[PDB]
């Protein structure tokens, strides 16, 4: 039995979900809520659905199950609430808002709506990382002791974006912070170091173009996250899980398996994927297939609204540690 879905937003992120839905049998798109209606009808009219300007138009309906929220990160709150107060399961993108307060206000109002809200942490749904998480849980490498994550964007985003980014910790490291919890949910301490090695731009906005985070798990686990705002070879996304009986790591993905060998060098492979949509193509699809299972059930979604709350809390904690030169205790006593 198929299910209907409503698609908020129509920007870069909106095209992905829309298209993946059509490919999935158990789902069908029907509308798009975006102020820039001209850019909302270049996606709605696309898959065979209608398009509006304001959200209220959609919130003034009565034939939609899933709510794939895909608009700016500072509007999500105002869109998740009105989906909970209508008992319709939703799936959002960037973790709630950038302001922790607004986020808490959202939790309270929706009370336990955090059950009906699956977050868009697509990395958990990547086959490679998901496999490592599952295999680790299956005790394949003994007790998890160390988790190393290396993430480097190809280059800094446009100046305008950096201004409303919320800082590297809230804008970038946050995805890594969530991945950490995916493996070790109970983080007790946060230590972070920030630097400025190449971006003059990022520098004046008093943000970092490079950081390293070390988290402590409730059982002695050390999660080490390395970040950088640029990377000449592509979108570096590695992860290493080290345990008592072995190690599991994920390599980067290249478009082909071709390798060149000549007088200058051997084993020359392609640069790795330079765009997050490419690298995580399968992930978004799997995430959607999971959003479908949680609807056919109703037990709740994972990652949920709460996961996003803590992720942001981890990011702010990282920022405080970086500015203070000391380890931050997440929850005292």
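Positions refer to the first chain, counted from 1.
Fill in: Which of 201 to 209 and 122 to 130 has higher mean CA B factor, as the PDB entry lists it
Looking at the record's C-alpha B-factors, the answer is 201 to 209.
Practice prompt. Using the B-factors recorded in the PDB entry, average over the C-alpha atoms of 29 to 37 and of 298 to 306, then report which stretch comes out higher.
Written response: It is 29 to 37.
Worksheet entry | Residue, from 186, 115, 257, 227, that the PDB entry assigns the highest Cα B-factor | Out of 186, 115, 257, 227, the record gives the largest C-alpha B-factor to 115.
Fill in: Most elevated Cα B-factor in the entry, residues 277, 272, 46, 286
Answer for 277, 272, 46, 286: 46, with the highest C-alpha B-factor.
Discussion item. Taking only the Cα B-factors deposited for this chain, tell me whether residue 157 sits in the lowest, middle or highest third.
Written reply: For residue 157, whose C-alpha B-factor we compare with every modelled residue in the chain, the answer is the middle third.
Practice prompt. Could you look up the Cα B-factor of residue 72 in the entry and say which third of the chain it sits in: lowest, middle or highest?
Written response: As the PDB entry reports it, the C-alpha B-factor of residue 72 lands in the highest third of its chain.
Worksheet item: Which third, lowest, middle or highest, does the CA B-factor of residue 170 fall in along this chain?
Response: According to the entry, residue 170 has a C-alpha B-factor in the chain's middle third.
Worksheet item: What third of its chain, lowest, middle or highest, does the C-alpha temperature factor of residue 315 fall into?
Response: Ranked within chain, residue 315 CA B lands in the lowest tercile.
Worksheet item: residue 194's Cα B-factor: lowest, middle or highest third of the chain?
Response: Tercile = lowest for this residue's CA B-factor.
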